[PDB]
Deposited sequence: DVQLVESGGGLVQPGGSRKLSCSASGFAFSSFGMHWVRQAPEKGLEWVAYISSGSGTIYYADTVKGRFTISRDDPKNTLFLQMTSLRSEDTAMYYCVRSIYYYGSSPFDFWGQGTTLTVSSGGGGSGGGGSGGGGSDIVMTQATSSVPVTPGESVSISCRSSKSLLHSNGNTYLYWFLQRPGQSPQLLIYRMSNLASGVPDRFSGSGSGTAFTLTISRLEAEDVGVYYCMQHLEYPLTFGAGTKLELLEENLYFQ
């Protein structure tokens, strides 16, 4: 089965260095681009780095560029993140995310379990932090972007993720309308221009969690604050 296991996290001293590894099994690792995405404690998701299939293209977030190095070993199916000059701002859970890019693909479909590190631009806005919900009732979640995510080719590069408590993020909606494989049809994504809505018809217990909207129009990839659904 598809698996992504991260390792190397732990308590480190300020200004130190740490090496994070992401071992991939159960899928063609060399065919997928790989991202590291972190989430600060009691905060939203934050994209760190990206390396393409074949290692030809590499992107970094501005807050980590020059200190972090992302690399891959295709024969060993291992993804690496070499970190240096670690700051107190780097305390987060680092997630390994696979994403393959061709016509009709679903990027950011699989995330790793994550590893915990403790140290001793289009704006996506989700103003509504929490929404009290009851099972069987329809819920809508709103997201806003500083720039229009609709490209001239007709795609709207907006993604929806759900992070249930204690679990890794899971892809729900990719390119603002398409439903990810293995996701119930009750989820529906609707949007236009800079305003987007995620509709959850007939809410269930499993849907409880934090919902993140991400833009993929350009790098750096930025996440919204997140909307939490609670009973």
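Gaps in the model relative to the deposited sequence occur at 121 to 136, 248 to 255, listed in sequence order.
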